[PDB]
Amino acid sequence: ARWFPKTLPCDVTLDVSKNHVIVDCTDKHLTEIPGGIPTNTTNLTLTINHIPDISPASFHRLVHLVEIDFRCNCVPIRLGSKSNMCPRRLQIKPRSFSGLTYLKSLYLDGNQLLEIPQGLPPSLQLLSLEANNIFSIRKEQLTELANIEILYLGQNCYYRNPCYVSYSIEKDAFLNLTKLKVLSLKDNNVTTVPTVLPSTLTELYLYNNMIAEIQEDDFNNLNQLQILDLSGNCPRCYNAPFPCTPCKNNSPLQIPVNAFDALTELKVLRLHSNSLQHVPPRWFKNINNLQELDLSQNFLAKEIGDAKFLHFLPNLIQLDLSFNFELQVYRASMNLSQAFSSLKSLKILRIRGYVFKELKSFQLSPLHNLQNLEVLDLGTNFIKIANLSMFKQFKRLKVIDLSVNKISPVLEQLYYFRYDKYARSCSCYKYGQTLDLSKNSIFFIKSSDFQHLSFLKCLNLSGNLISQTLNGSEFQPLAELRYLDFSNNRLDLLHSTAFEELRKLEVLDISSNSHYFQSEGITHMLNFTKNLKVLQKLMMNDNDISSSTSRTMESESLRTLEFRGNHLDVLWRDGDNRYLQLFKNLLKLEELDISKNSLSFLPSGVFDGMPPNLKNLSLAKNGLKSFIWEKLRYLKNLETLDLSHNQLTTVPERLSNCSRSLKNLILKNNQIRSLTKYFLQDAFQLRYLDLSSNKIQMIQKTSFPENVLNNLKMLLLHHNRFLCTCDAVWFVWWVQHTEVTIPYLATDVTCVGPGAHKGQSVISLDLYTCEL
């Protein structure tokens, strides 16, 4: 046990490897810099707090600092919290940083700062001033920043943080910063490319601005430049989910043909949402090392059919030409240029939102000999007609995405339509070849549909209109298939011979296929699992299963079954003993999720009819009012038990008398008010205990023995109704001097009383009066 309790409301970590003393005070509702931070502290984080000022006294002793993270302490109105708004901007007093000799990184994002903090140490390499109110950069301001390498000045003038004027940058403002490597000026209302920039630059971000034209001499000296982003300058504002204003007369970002002549070392060129109509081949005359080219959200639908520029990119790896569609035009077919065959290196190709009625083998002919091609993304294209057998010339490919289409007989939810994807805050693919057909209109399936696709390892048929009775003669060609996602469909389990043709299948997802289970008298064959000789994981979540024609599910291979969101309460209706041995015959089963099954009580015989090798069992979100803990004696292999979000008021008299196997117990979000006299007594196998978010008042030494407690990896106690009287004298002392990992010890492990101590942390408590 500890000699001195850790009273500091910050997570202190030690990294002797790099001699870093990391102090983390992220979102600890601070109003002052916490007193008593180690002198040997190097990395200090104070994000999402309410510290109103930074005076020299702030970092006084800690002269060993190398990083200061003072982000979002006064986050702008439109970007930050409306319940707890910032009253006055962060006040940085002079000589606050100049003393910190060893400082290398300084983050001051979202603090409503009016100017570049002067008096900074010459050791600084990184300076972040994002989301502040600095929209006038002058040469005098950056004189102190001589040694800076990475500079973030972005988000200082945009729709979420306006300045109502254009961004101003002095002539040759960044020119004397002879060590500058990274420069971000994103989301700033910048009208023209700041010049002259230092030749030492390698990354340049000028996206989401007022730049309407590029000069030929704009990047004449940036020979060392590797990444350049000129996106959101003359944007394609159609269906934009953010205030978007395009260049007058819908004009594109005017770039001279010889503008990228100096950028020999350029690898990434992002030209997303620039209203571009033509891509001149002359652009890439001297860039033979380009690997990533983002040409999404432009008007290059006609240019895709020509694309003479592709001949100058034989080293290109990534090509994004998404949402280049001409509105009012619903194309019959996709015109792909024969030039796409000259992309000898290309691994990733993305052509979403081209918009066309029909997909044919002939259309994809220029890609037929692209040896390195791994990904083909043709999603959100409204393709009505497509013959899947055409992808036999694409066996080498890892992912063939056709998600969100209208075919009938991993990137984020918002990727191409978000203002800034790289904005800062405060999956079956592994199995092999994947064909994504999710969110389509396939209403009926047959063996002939998957002809020649024997090679597939994963197939996604989620969100289709398959309202069929499968007899195991629908996916006959897919012999190699290991994963099938059949979620969000209308599966009809009339036959127990369903899915049996997929003889190599390891993962089956039949979740959210509730339609037929939601109607009375319909035959449901859940014993279909028996024929799947290699099935490892099965998901039948949110299916509303209240009836079953088969009394048992059979399997000699299955290890994981997700049965969350069904009606086991109806299958297990007290008096009805027919479905109590339902999961008993899934012999190799180790994991069983029977959460969200409306089980207010578990009928006697559920524990006896459990598979022999069950390890992890969840009964979470069931509204369980009563539980017979003693019955866990049947679950002889049990290690984990999730009983979170229930109505349980009492723990067992002796946990060791219930299970000798049980390691991790979860009892969070219940109604427990008091633990039993000798609860955890003699339960030496226990390694994890969550008792957080309950109504517990007192915890005694008998209920929580030290020999049992000191072997726990983590003990969760936060959000309880703790009474800090003289009877809680053991608990207060134990919690303070323990080595056991108690999370939120200085934010949610607090007293509800008596009076004097109401709303005070138990860690800060001093019950010396109980000792006089």
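When you see a residue number, it is the position in the sequence shown, counting from 1.
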> Is there a break between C426 and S427, and how many deposited residues does it span: none, 1 to 3, 4 to 9, or 10 or more?
Replying inline: 10 or more
> How many missing residues of the deposited sequence lie between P409 and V410 in the entry, grouped as none, 1 to 3, 4 to 9, or 10 or more?
Replying inline: 10 or more
>> Mean CA temperature factor from the deposited coordinates, higher in 445-453 or in 530-538?
In response: 445-453
> Out of 555-563 and 165-173, which one has CA B-factors that are higher on average in the deposited record?
Replying inline: 165-173
> Which one, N694, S674, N513, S333, has the peak C-alpha temperature factor per the PDB entry?
Replying inline: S333
> Per the PDB entry, which option out of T650, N440, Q518, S98 has the greatest Cα B factor?
Replying inline: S98
>> For the chain shown, is the CA B-factor of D690 in the lowest, middle or highest third of its modelled residues?
In response: lowest
> Mind checking which third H60 falls in for C-alpha B-factor across the chain?
Replying inline: highest
> Lowest, middle or highest third: where is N220 by Cα B-factor in its chain?
Replying inline: highest
>> Is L114 in the lowest, middle or highest third of its chain when residues are ranked by C-alpha B-factor?
In response: middle
>> Which third, lowest, middle or highest, does the C-alpha temperature factor of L709 belong to within its own chain?
In response: middle
